[PDB]
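Let us start with two forms of the same protein chain, each given on its own as structure tokens and named structure 1 and structure 2.
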Structure 1
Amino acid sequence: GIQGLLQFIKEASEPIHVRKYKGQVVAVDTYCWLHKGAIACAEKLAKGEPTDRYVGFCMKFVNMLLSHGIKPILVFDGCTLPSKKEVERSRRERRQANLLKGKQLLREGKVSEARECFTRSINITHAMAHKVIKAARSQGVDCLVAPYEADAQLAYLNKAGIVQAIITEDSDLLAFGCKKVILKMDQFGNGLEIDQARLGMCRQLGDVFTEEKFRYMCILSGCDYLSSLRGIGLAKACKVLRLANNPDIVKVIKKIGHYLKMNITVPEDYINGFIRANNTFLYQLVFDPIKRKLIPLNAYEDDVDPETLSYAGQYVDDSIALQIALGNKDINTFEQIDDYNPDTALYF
């Protein structure tokens, strides 16, 4: 998530209703809904007790979309990104800590406190996601498990013209170069839509409305793949990018002190970290639903060697990739949990 991006470009947003996309196809960042609905039954999840409330919670939204003549594509997070492993470890430690503390408060008598910790302990597994997948596919709703981050997969589906809008809460979708993003959507169909073309309505951006410059800005402000230099947020990064008559981003990164008059000295590690972050935003592996193969989010440019981009996700055989995409192969255990086949009983 880009910390503060939604508030920074709020002039590019407008209140809409999803009836706007009647007859069209939209993709869904389902893990948001999963995280929301899991909270309704955090006690049972923490205690290990069985619960299927989040399933109905998601299917509620799904049916809401279906009622307005919309075809929703539920997209799920797949395997872990090495380039994001920091935030993943952080959140893991967080959830585990709140879990142990929750158990402690459970055996201390503290009720609401332990329940709160349980809310802050929920780890969305592929099992729950697969419950939602079966529940959705039972009603003809297409589902897709990304090879890695759902963000990149959604971005691809939107760029490929397969879907016309992305339903999510994460601002990263804009940094991935999505055209239309529906945020803050409730269970009725009311949400805030940010359009890429409307980024020009943001006076603060300046000439930083192009996909490349916008990406550079989001990265420089601080993303999930790279922490920002101390003292650098959205405004100063956008300032740097505005005051630059140079397409070569690296030289600009080095001259950040000049462009800001802040006397900043950049570490040599941060340059490579930036290269890696940009390469992750650009070339993270996604799954083609049509050709059924692992491709990068954007086509490889001639100035990059795919061999060096393992942190943007490593390749597997397209059979495995397809079985993952269908939700048959467990993301964690890598063992088969289902045997669904889109041929026997999208992807056309």
Structure 2
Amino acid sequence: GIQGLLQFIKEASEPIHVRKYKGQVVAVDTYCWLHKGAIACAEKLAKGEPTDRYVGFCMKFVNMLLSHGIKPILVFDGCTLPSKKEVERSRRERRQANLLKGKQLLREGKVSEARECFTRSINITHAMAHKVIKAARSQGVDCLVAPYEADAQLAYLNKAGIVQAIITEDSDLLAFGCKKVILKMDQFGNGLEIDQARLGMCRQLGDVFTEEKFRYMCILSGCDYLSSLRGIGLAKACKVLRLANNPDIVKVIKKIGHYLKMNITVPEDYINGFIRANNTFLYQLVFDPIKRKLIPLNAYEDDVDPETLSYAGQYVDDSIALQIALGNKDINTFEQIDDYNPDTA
């Protein structure tokens, strides 16, 4: 989420072209593309009608990257985090309801008005994503399925030096601490890049240009792991961390009302929630594309009990994690739906 993040730090963005990273590797939040591609074929999908138009839409961007001589790494989402295990399934029940608003309008004469309700009732299943994987693999493009949120997986790849930048429309990658995030990129290669070190150009930020504070701000402004206090967005969240300088974030959150002259009592559920939200941005389970094992996004710091971070992702035997990352074992049924072999073919 981090609503309005891009604008809040517009002073850190720079119009660039994909050709910039020619000869280098770039990870991609494939969903961003896969989703847009689902729009061009919303009705056919919402009617069982076989359509692969979203498969071509994704390749349209991939080929555009390859033409500029770049090594694209398509990343996909795997399992679901308990942080939002309920708010994500709420989309399912809210989708099937919208599924009827698209049929009823077609039963009144309104055609285009119903063609829009289908777009608002789209669901990106792992079956669809798999078709995109098959298409990319044949072209020689590497695909990797994150154990949980592609966000964390992408972040790791960049922080690890494996990829130099990350293509996405989701600003959360910034919160995770990505060095180079390419946003709003079209089919021609025109996008808006945000560099972490170039964040200090935003005067409005002030002293919150460090990874630790910047992450704290995103959480306070309202994230996917925790909603912001009623009446607290970016400007407010930034001001709080800006005035205070005590590393003890817990004590700061308690006196949040004091720093803002607003007396909004903080519930105990928020103090605990901020801890979880912070630990999810820090130690969410990713996947090592080299040693082929299941590791956390970052190394556990001093004050953290790894045996209490279940909401960040459950650990699984490396042999199983490898099959999930290769998109061979269904996330849901946990059965082998493919036999792709990287070592050989």
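Take the two forms, superpose them, and find the largest set of C-alpha atoms that agree within 1.5 Å; that set is the rigid core. Structure 1 provides the reference sequence; residues are numbered from 1 along it.
**Student:** If I align on the rigid core, exactly one of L226, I249, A135, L106 should have its C-alpha move by 2 Å or more between structures 1 and 2; which residue is that?
**Tutor:** The only residue crossing the 2 Å threshold is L106.
**Student:** Determine whether the C-alpha of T125 shifts by 2 Å or more between structures 1 and 2 once the rigid core is superposed.
**Tutor:** Comparing forms between structures 1 and 2, the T125 CA shifts below 2 Å.
**Student:** For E88, is the C-alpha shift between structures 1 and 2 2 Å or more after core superposition?
**Tutor:** Superposed on the core, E88 moves its C-alpha less than 2 Å between structures 1 and 2.
**Student:** Would you look up how far the C-alpha of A325 moves between structures 1 and 2 when the rigid core is overlaid, in angstrom?
**Tutor:** For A325, the C-alpha ends up 0.4 Å from its position in the other form.
**Student:** For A97, what C-alpha shift in Å results between structures 1 and 2 following superposition on the rigid core?
**Tutor:** That residue's C-alpha is offset by 2.0 Å.
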